[PDB]
Structures are given as C-alpha cells and as structure tokens.
Amino acid sequence: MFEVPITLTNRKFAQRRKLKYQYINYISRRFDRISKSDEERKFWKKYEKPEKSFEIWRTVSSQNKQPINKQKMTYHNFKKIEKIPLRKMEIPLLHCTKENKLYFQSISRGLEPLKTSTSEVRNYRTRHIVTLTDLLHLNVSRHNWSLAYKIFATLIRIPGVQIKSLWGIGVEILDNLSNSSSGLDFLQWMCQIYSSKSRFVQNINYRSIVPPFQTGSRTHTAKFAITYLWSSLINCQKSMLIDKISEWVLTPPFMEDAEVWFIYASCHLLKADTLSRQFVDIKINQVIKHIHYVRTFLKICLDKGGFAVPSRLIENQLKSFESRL
Amino acid sequence: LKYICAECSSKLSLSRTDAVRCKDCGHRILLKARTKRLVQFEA
Amino acid sequence: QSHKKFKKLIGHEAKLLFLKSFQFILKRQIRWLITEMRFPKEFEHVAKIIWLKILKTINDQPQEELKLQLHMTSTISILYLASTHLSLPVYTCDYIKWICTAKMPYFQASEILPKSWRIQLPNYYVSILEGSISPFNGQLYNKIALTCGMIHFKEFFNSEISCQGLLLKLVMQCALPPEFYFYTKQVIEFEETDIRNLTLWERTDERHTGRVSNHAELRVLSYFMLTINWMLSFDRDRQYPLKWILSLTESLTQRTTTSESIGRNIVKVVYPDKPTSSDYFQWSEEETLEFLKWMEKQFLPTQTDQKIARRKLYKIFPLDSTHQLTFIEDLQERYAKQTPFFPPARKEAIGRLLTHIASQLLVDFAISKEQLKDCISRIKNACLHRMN
Amino acid sequence: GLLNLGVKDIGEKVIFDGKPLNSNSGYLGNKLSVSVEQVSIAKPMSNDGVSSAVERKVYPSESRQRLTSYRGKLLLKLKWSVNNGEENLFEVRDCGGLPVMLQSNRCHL
DNA sequence: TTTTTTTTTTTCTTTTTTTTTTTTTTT
DNA sequence: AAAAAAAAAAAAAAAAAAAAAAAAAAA
Ligand SMILES: [Zn+2]
C-alpha cells in the first residue's frame, strides 16, 4: 500500500487536525503551569522544522541533561490535568460531527486510527492515480521495465499529480536504454525548474510538500541536484567532458554545503590521474595545479560533517601520482 | 505571420492583451518582419 | 464598465445557464448512444418529450427561488426510462459500465462550449457537473424514484423491462447451462405477484424513500440467488456431480482478457468496498497493457509560460491479426471446461460458488453489500409465506 | 584576488547595547561584531519573472537590443557575531547587480 | 537618501450555494 | 416489521490571507 503523489480532501481532516491540535495545546498548557489553526501554529512555533532531513539527529558526546527527577507522575494528578481541558473541549465539541466526536474520544483514550485517508476518498480522478502509483512500484520491483516506462509516461500527464516521483524515472531510464535519453537529461530538467532560491523560513503549516527529498535552496541543496553531479561524475568516468562538469560546479559558489566541494575535488582528482596514463615539458606543470586544487578543497571540506574517507587515503593516493611525476 | 522571435527565429503573431514573448523559447524581443509593399526607388 | 469586461457576472439567471447547458450535456449522450450503440432516432424524440416534461415542472415551481434537486445521476436516470419505455434491453448494469469506462460523456464539464457558459459563473455548478463521484449505494435507484415522483408513469409510459433477456444476460456472464434459465423461469412465475412483467418503482416523494427495496432489478437478482441455493441443495437425482461444482467454480476464477472482462476491471478500480485492494495487485503482463491501452486512448478525454517546461518533459521522454479473442470464443472455451457433467461435502462447493456470484453482481450494479441482504431476506420470507 | 583581500582588511565595526546585567560596572554591554567575510560575483543569469522557471544564460547581444545593462549578482557573506565571538550567524545577502566587463572571467563569452 | 507603496508570489484557507441521505416513533 | 418530520454530510472551484521579498518611487 504505497504512497500517492497528490494532496487530498480538505473537508473533515482539516477540521480533524484542528480538534487534535487544540487539545494538545490545552493539556500542554495546564501541564506547564503546574510543572513550575492558531492551536496548530502554537504547536509548530515551539520546536522546529527539520528541513534537510526527516528527523533531527544530534550529538550524544555533549552536555549531560539527566532527568532522574522524581518519576513525577501520579494517576491522581494526571487525571486533573486531563479533566478541565476536556471540559474546555466539550464546549466546541458540538460543532464537529459524530464521526469526528467519536474520533477524539479514541485519541483521548490513547488509541490510534486504523483506516488511512487514501482508502476512503472515492473520486474518479483520484482512484485512477492510486491504482497507477501502486502498479508503478509493483512492476519496478519486479524489473518489468518496458511496462513500467509505460506506467510513468501516463502518470505524469494526469492533471493532478506533482513530480514526487523523481527517482522512479530517475532509475527507469538507467535500465531501459531503448529509445529515451538517459537519466542525466531528466535530472537536468529538474535543476533548471526546481531551484527555488528563496530562503523561506518556516512559519507555515506545510502539507503539499512534506519531504527533504524534493526541496532546496533555502539553506540546503536540492536532493536531485547533487545526484546530477554524482551521475555526471560517473558518466565521464566511463571514457577511461570532465571540463564540462568542473565548470558547472564552479558557477555556483555554494558556500554552505561541503558535499559539493567533495565533488569539486573529485573531478580534478580524476583529471589528474587520467592525464598520467596518457602521459606514460608542459604536460607536467598541469598535473601539479590539480593536486594543489584538491589539497585546497579538502581543507575547505572541513567546515561541516566528515567527508573524509580517512583523511589519509585522499592523500595516500595523491603522493602515489607524485611518485610517477 | 507578422513577427519573428529574436532567439529562435520562429514566425508568430500577437493579438491585443496577449503576452509579448515567443511561444517556443519565451524570448521577450520580437522583430516586426517585412511584408510585400510597393516602395519606389530611383536607380 | 471595463471592470465588467474582465469577468462576466450573472444573477438569478444562472440556474437557466445551468439548465441551458444541461440540455447540451444531455444531447451528447443521446447522439453517442445512437451511434456507437446504434439506438433509434425516434428514441431521441421520446427524450425530447421526457426532458421537457420535467422542465415544465421546473417552470411550474411555485417559488421563483431555486431549491431544485438536480444531479448528474438524474441525467442517466432519464436516459434509463426512455430505454425501458421503448423496451430496449439495457439495464442499470450497462450504464455503470458505460460511464466508468469513459465511453459516453459523464464526468466532463469542459465539453460545455465553455467560451460562453463556463466563463460566466460556474462557481458551484461545475461541482455538480464534474462527475466527482461514483453512485455509492444505488443512488440511481433513488434517482429513478424522484423522476417518477416528478413525472407520472402509471398512465403515460409502459413500466416493464425485458427481464427474459436480463435473465439471458445473467447466464452467459457466468458459465451456466441453459436449463438454469428455465428453472428460474418458473420461480419468477411462481412468487412474482400473479405472473407479471416487472414494474418500475413508484413515485416515492418521501425524502427517505422508505426501506422497502421494491426496486425492479433488485427483485430479479435476489430471485436468482434463491434458485441456485434451492436447485443445488435439492438435486435429489444426483444430476450434478461434485466434480461439476468444482469445474464451474474454477472456470469463473480464471481471468481471460476480453473487452467485457477489461470493462469489468475498471469498475473494480472505482469500487469503494473491499476486495478492491487486491483487484489491482494480481493482474498479468497482458491485463495491465490493455489497461494502459485503454488509458492512452480514453484518458485523452481528461479534464483539460508553463507550457514550455511541460512540452519539453513530454517531448524527450514520450509515450513512443487480433490476438484478443471475441465474446464467444472464450465463452465456448469456458463452457468446454465444465464438460464433466454427463455428498454432505458438496455444501462447501456450493457455499464457495454463492460468494463468487454475489461479489460479481455487487460490483457490476453499484449496490451495497448491506442492501442486497435486506432485499433478499424480505423476499425470502415472502416466498415461503405464499407456500407454507 | 583582491576582493576577498579587500574585505579581510576592512575590519569588524563594533557597537554596544548597554544592558547593565544587574550584577565597578565593567560591563559595557554586548559586543556586536559585524563583518563581511567573502565576496563573490556571479555571471549574468536571468529568471523570466519568478519561481526560477529556467534560469537561462544572458548573452550581451540580448542586452544591447533591450537598451539595458549587463549585470552580475553581488553576494556578501555577512557575519553577525556577539560577545567577542560567542554567537555567529553567517547569512549571504543579495546586494544588487553590478555591471560586468565583457570577455573577462565573469562574462559568458 | 528614508521610508518606501506598489507589486508579486505563494501555498493554505475560507466562501458559496446548493444536493442525498439520515434517525427514532407508531401499527 | 413497515409509513413518517427534525436535520446532517458533502464537495469542490474561486476569492481571499499572512510572509516574504524585488526593488524601483520619488522630493
Ligand atoms: Zn522564441
């Protein structure tokens, strides 16, 4: 039961989200007194949005922060934090319907839903998308490629979808090789149009574009962009063009990410080593400048998380070509 | 047709309250092309 | 004045713009039904009376304000009557198959000549016009009620259906030998109201339309499940072997690829109730190909600066003596499978056939699993009440 | 080149707020140390309006017929630091479009 | 040269303006 | 076990609504 690439019915769930976020606002707010739409925005103004990932990994070898405190919980006190925010919610619980009234009793009892919103919409346009996105993922796992190409070519034409399937045809034309231009050209098409260089800080209950797997260019690069650098890097590898990529990376100075600097170091490192196999006096001064490039960008690359293989295998390779020339 | 795009050199025409750009590239400068007239010259 | 050049506005007369273009969508189904399904031309002039008779009651409304119950289900509702009044043997099964395959226009509001009507105020009217539904629990059976409750039927039109061809159509869909028509033929003679041609439902102007299940074809299909229960539980002569109950049940579960079976598959897609889940998870390499070959020719009837990015994505990465046998060659093949025809364990072989044929008619008729049981059980008491 | 060398020798201009901290009031306040760290000039690229619907390259033969300039984007990496280097916020800015000399290493020719 | 309106996204949300079928109560 | 007066259930396209920004306007 896979994921459907559209946005859904906004009739009751947008009201169901308002009743859920109003109750979590009050039973928080009674709790923070005694432990000394707007209810939705009060939830998200508090913490964060994880933009460059789904969840928020952090450091364990840092400050301690140990709550050994009391075990700080009775059934007596918790049912008093429960009671008046329940009474605060019964006064607007008459406008929502009985199915919505039944839902809130389930989550206040600690239960969870079972039926998802995909299986209960029953629109004519929506039910033909859903049978196609599940037929897509089914035949891609089965390597029914020439069928699966026919699936993707008709899914992108239906007037509701957005391209949350960048990897489906990102991987399909790698395997087909019959008629269409390869996955470099589709990946080119994404970076032209979906740059979105705005640094839009969060402020918004986001629901049509969830992931980090298709965003970019606020503080974080696009996920489809850096797979265009990596796929071009492997594409010029199969000669033994590398100039065309190395100019393309220098046209953005992307002074926040160090993943693009490691690709920028890697495309000079390949040029410095295929220009020695063709060798065996101007063809020796040009090798040294590439190594002086790579030794500078690896030191640029130490501004964030570690893109060093070790810090020695980068240069144990490098001095092995210096022994040649 | 009336006009000609600058970048891709494809003939097109415009109307009132119609966008001034080409329809294959979106280039925003259009050359009014030459039709058949009767200018007289002295040789 | 130039502010009204930009967006046109209509006042109370929007309901006539709703209704004038309502005649336009009516006409496209009519001219389609006489062409691809070769209906008569005088059938149109029946509907030109039929559409006018409801519309006269619309102009007979005592209030000038609207309050008018109108739907896209009502459109196929009045096309159901003139097909039964002229006694053309089409039923409520075929109209589901003809709108859920997008053969005839149902779902579209873009074919309305929109440069004179959809400019004006489509605000909530295309919410009615765009077919954003399938009829869930037999809404058409309530939509033939509200059209008889607006236009009388007992003295104007003939209220009968050719139910001997409906009983013919029901046999050839499954794999039954033709004696099962004649077994049923006496049961619709026995318990059906002092033998009669089956009538359309009556004129019910209640907003709940009762709980009675006096609909016509619901009485027919509920009769069919009673006989096959009774003709198989009381075959005292041992005329039906236990191998024969198997060989038909295995013959229904095989999937062959024909335009009848493919047209069955599309209504499994829009089906809200389970087993719609695994109905699209167990196809063939072949069955999805003609699902896509249907899609690339019948979703070209979709519902309609940035075109340049769109026309470049679909440019480079494009969509690029008959093996599909006829309606008889498989039916001959599926009959030749059950040629093994010439003991408290047969209840399990009977009980497994009773759910295949019940899931079959549930899908093909747009009817709930609940309302089949209320229809058949009130029938079940009223067939034993006339005999015991 | 001389542009990253130019901002290196500008310095760090420092203003104070003056909150007394409520603690020989040697607390002058908080040390806001604002400075520019890196300047870069981008080649001429244009978006036709909004949303970065494809940012095509701009050649100068376009820029003559329009009777307008031939600009490249100027991007300052401002550093906003507090209290002699406690809390630093590196934000790139969009500081206008300066013209670009033809046939150099910032022209598309 | 200071605030700056004027404008434009930009996705998320409300409005509008009707249609379809409920539930308990008696016979 | 079947005829009735109170509502609710939906639904979907178009106008609007805070956030932020491009970035001239002008005296
Ligand atoms: Zn052009």
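For this coordinate set, the PDB header names cryo-EM as the determination method and states a resolution of 3.54 Å.

Visitor: Is there a simple way to explain the overall build of chain A in this structure?
Guide: Counting its regular elements, chain A contains 13 helices and 0 strands. Element order for chain A, N to C, with α for helix and β for strand: α-α-α-α-α-α-α-α-α-α-α-α-α. At 27 Å, chain A has a C-alpha radius of gyration far larger than the 20 Å of a compact globule built from 325 residues. Summarising its shape, the C-alpha atoms of chain A cover approximately 90 × 55 × 35 Å along the three principal directions.

Visitor: Got a minute to help me understand a nonpolar patch on the surface in this structure?
Guide: Residues and elements named next belong to chain A. On the surface, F31, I34, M73, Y75 and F78 cluster together into a nonpolar patch covering about 580 Å² of accessible area. Looking at where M73 falls in the secondary structure, it is placed in the loop between α2 (38-44) and α3 (75-90). Taking relative accessible area as the criterion, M73 reaches 45% and is therefore assigned partly exposed.

Visitor: How should the pattern of salt bridges be read in this particular structure?
Guide: Opposite charge on two side chains makes pairing possible when the charged atoms of those side chains draw close. Applying the stated criterion across every chain, the model contains 22 salt bridges over all chains. The closest approach of N and O atoms between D32 of chain A and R33 of chain A, which form a salt bridge, is 2.4 Å. Assessed through its relative accessible area of 29%, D32 of chain A is described here as partly exposed. Taken together, the shared-partner salt bridges connect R21 and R28 of chain B together with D48, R56 and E62 of chain D into one network.

Visitor: Sorry, what's going on with the protein's contact with DNA strand E here?
Guide: Contacts to DNA strand E come from 20 residues, most closely from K18, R207 and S208 of chain A together with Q139 and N142 of chain C. The side chain of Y124 of chain C places a nitrogen or oxygen atom 3.3 Å from a sugar or linking oxygen of DNA strand E. Contacts to DNA strand E include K143 of chain C, whose side-chain N or O atom sits 3.0 Å from a phosphate oxygen. The residue makeup of the surface near DNA strand E, split by class, is 7 nonpolar, 8 polar and 5 charged.

Visitor: Where do I start with the nonpolar core in this structure?
Guide: A general feature of soluble globular proteins is that nonpolar side chains tend to end up buried together. Formed by 139 residues in total, the largest nonpolar core has its most connected members in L129 and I161 of chain C. Excluding residues within four positions of it along the chain, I161 of chain C makes contact with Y80, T84, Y91, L198, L200, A216 and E217 of chain C. Counting 22 residues, the second largest nonpolar core, distinct from the first, contains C236, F254, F297 and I314 of chain A.

Visitor: Please clarify how the protein's contact with DNA strand F should be interpreted in this entry.
Guide: In the vicinity of DNA strand F there are 13 residues, among which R11 and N203 of chain A together with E130, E206 and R378 of chain C approach most closely. Here DNA strand F approaches the protein such that, of its atoms within 4 Å, sugar and phosphate make up 89%. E130 of chain C is positioned with one of its side-chain polar atoms (N or O) 2.9 Å from a phosphate oxygen of DNA strand F. Taking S132 of chain C, its side chain carries an N or O atom lying 3.4 Å from a sugar or linking oxygen of DNA strand F. Grouping the amino acids of the surface near DNA strand F by side-chain chemistry returns 2 nonpolar, 5 polar and 6 charged.

Visitor: Help me out: how do you make sense of the coordination of the zinc ion in this one?
Guide: Ideal coordination angles are 109.5 degrees for a metal with four donors arranged tetrahedrally and 90 or 180 degrees for a metal with six donors arranged octahedrally. All names here are of chain B. Looking at the zinc ion, one finds its protein donor set to be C5 (SG), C8 (SG) and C22 (SG), positioned 2.4 to 2.5 Å from the metal centre. Between the donor residues of the zinc ion, the gaps in sequence give the motif C-x2-C-x13-C. Here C22 lies in the loop between β2 (11-12) and β3 (30-32) and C5 lies in strand β1 (residues 3-5), a separation of 17 residues in the sequence. When its relative accessible area of 7% is taken as the criterion, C22 is described as buried.

Visitor: How should I be thinking about the interface of chain D and chain B in this particular structure?
Guide: Interfaces are frequently sized by the accessible area removed from exposure as the parts join. Chain D puts 5 residues into the contact, and the matching count from chain B is 6 residues. Approximately 430 Å² of surface area, both sides summed, lies buried where chain D meets chain B, with 48% of it carried by carbon and sulfur atoms. Area buried by chain D at its contact with chain B is led by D48, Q65 and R66 of chain D, which between them contribute 77% of it. Counting across the interface, chain D meets chain B through 2 salt bridges. Between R21 of chain B and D48 of chain D there is a salt bridge; the shortest N-O distance is 3.9 Å. At the boundary of chain D with chain B, the tally comes to 1 residue pair in polar contact.

Visitor: Would you take a moment to explain unusual backbone geometry for this structure?
Guide: Most peptide bonds adopt trans geometry, and most residues besides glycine take a negative phi value. Backbone torsion omega between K274 of chain C and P275 of chain C reads 15°, so that peptide bond is classified as cis. In this fold, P275 of chain C is placed in the loop between α13 (259-269) and α14 (285-298). A positive phi is found at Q103 of chain D, a non-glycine position, where the angle reads about 60°. By the element assignment, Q103 of chain D lies in the segment after β7 (97-99).

Visitor: Help me understand helix α16 (residues 329-337) of chain C in this model?
Guide: An α-helical turn contains 3.6 residues, so a residue and the one three or four places further along point in the same direction. Residue and element names in this part refer to chain C. For α16, the complete set of buried residues consists of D330, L331 and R334. Buried residues along α16 cover an arc of 100° about the axis, so they all sit on one side. Structurally, α16 contributes buried residues whose contacts are with α9 (163-173) and α12 (242-253).

Cut-offs applied
Residues numbered from 1 in each chain as written, not as in the entry; some residues may be left out. Chains lettered and ligands numbered in written order. Part of a larger assembly, values for the part shown. Heavy atoms only, no water. Helix = DSSP H or I, 4+ residues; strand = E, 2+ residues; numbered from the N terminus. Rg over C-alpha atoms; globule rule 2.2 N^0.38 Å. Patch = residues over 30% accessible without salt bridge, like charges linked within 9 Å, V, L, I, M, F, W, Y side chains within 5 Å. Areas by Shrake-Rupley, 256 points an atom, 1.4 Å probe, with all protein chains shown as cover. Salt bridge = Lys/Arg side-chain N within 4 Å of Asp/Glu carboxyl O. Buried < 20%, exposed > 50% of the residue type's maximum accessible area, 1.4 Å probe, protein only. Near = heavy atom within 4 Å. Polar contact = N/O pair within 3.5 Å; in protein donor to acceptor, adjacent residues only side chain to side chain. Nonpolar A, V, L, I, M, F, W, Y, C, P; charged D, E, K, R; others polar. Core = buried A, V, L, I, M, F, W, Y, C linked by side-chain atoms within 4.5 Å. Contact = heavy atoms within 4.5 Å. Donors = N, O, S within 2.8 Å, 3.2 Å for Na, K, Ca; no water. Buried area = accessible area lost by both parts, 1.4 Å probe. Arc of directions from axis to C-beta.

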